[PDB]
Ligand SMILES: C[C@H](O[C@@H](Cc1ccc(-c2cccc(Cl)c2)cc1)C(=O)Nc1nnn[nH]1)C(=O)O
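Consider the single chain below, provided in structure tokens and representing the form solved without the named molecule.
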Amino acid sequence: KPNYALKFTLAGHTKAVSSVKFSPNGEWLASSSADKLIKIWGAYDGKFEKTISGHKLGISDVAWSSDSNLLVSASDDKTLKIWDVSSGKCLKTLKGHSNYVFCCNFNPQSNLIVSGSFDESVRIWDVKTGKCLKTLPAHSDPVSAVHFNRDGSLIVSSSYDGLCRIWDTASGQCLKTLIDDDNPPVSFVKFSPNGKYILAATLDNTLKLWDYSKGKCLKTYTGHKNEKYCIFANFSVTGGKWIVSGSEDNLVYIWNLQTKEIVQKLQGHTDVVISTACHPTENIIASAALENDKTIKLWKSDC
């Protein structure tokens, strides 16, 4: 069992925080917010670094390039923006979605960005040019999450339509549609680190690990509350192998991936924990909460 303990509370976003992510080089945490801003913080000391501004409406997601130099952000202003972190410059504004952009991610080579939108589409963008390369007719309801696999050859998407879909990056073809009894809205999805599984959150207070190729649910994680928000989930791999998620009861939940038992609940946020992130090399977790709290917390364990 881990022993995550609070180390720092990071404050100053003026509205709900939407997403927190650690830079791949482990040096930084980036946060996005309904306040239309991105903030950068020291990953190990929680020290505020800088604010990055330019979106015209709130931002629901942010993601780092593999070399930790760029960010992409997804906004209700219907665009994504690519940012040079050290200069703060907006390098490109990605236009094409017809509604809120909700989620985003770079591929491992970082030459592509994938986005999902309330317009029900998934779009694949060229980083260098800013051009949309493909528009996938992915879902029949808002797209809640998009993620590339370890070698970038696949994209997984999730939707309120109750489905998770696997896409061939090169062709745009849908290679798989995952179906689960009752088709509860899917609020989050991501590949496992080895790319063999996908972790999916549904708005019925449940997280599941799936062997998507075979359409077999291998694990189910419950105990938390998730019925209204798209809460991030994660695979913790620097120490023990955990599943980490936020929750609508203001707690961070940690489960043993194999046993499915809850091994820790982290307390002291005062609103829904919308986002959690796991450091790439240290046993550190970042968490972020909604409007009534607006703080980010950094927790650290010995294992």
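Just count from 1 along the sequence shown to find any residue number.
There is another form of this protein, the form deposited with the named molecule bound, and it is not shown here; the text below is about that form.
Visitor: Report open or blocked for the site once the named molecule, placed as found in the entry with it bound, has been superimposed by the C-alphas surrounding the pocket (blocked: 3 or more ligand atoms within 2.4 Å of a backbone or C-beta atom; open: none).
Guide: Blocked: when the named molecule is placed as it sits in the entry with it bound, 3 or more of its atoms come within 2.4 Å of backbone or C-beta atoms.
Visitor: At the 4.5 Å heavy atom threshold, is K265 in contact with the named molecule in the entry with it bound?
Guide: Contact check for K265: no, nothing within 4.5 Å of the named molecule in the entry with it bound.
Visitor: Please tell me whether any heavy atom belonging to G195 falls inside 4.5 Å of a heavy atom of the named molecule, as the geometry stands in the entry with it bound.
Guide: Yes - in the entry with it bound, heavy atoms of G195 and the named molecule come within 4.5 Å of each other.
Visitor: Even though the named molecule is not shown here, does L133 get within 4.5 Å of it in the entry with it bound, heavy atoms only?
Guide: No, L133 sits far enough from the named molecule in the entry with it bound that none of its heavy atoms falls within 4.5 Å.
Visitor: I'd like to know if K241 sits close to the named molecule in the entry with it bound, meaning any non-hydrogen atom pair within 4.5 angstroms.
Guide: Looking in the entry with it bound, residue contacts with the named molecule include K241, since a heavy atom lies within 4.5 Å.
Visitor: Work out which of the listed stretches, 174 to 182, 122 to 130, 81 to 89, 196 to 204, brings a heavy atom within 4.5 angstroms of the named molecule in the entry with it bound.
Guide: Checking each option against the 4.5 Å cut-off leaves 196 to 204.
Visitor: Looking at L70, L257, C278, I40 here, can you tell me which has any non-hydrogen atom within 4.5 angstroms of the named molecule in the entry with it bound?
Guide: Contact check passes for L257.
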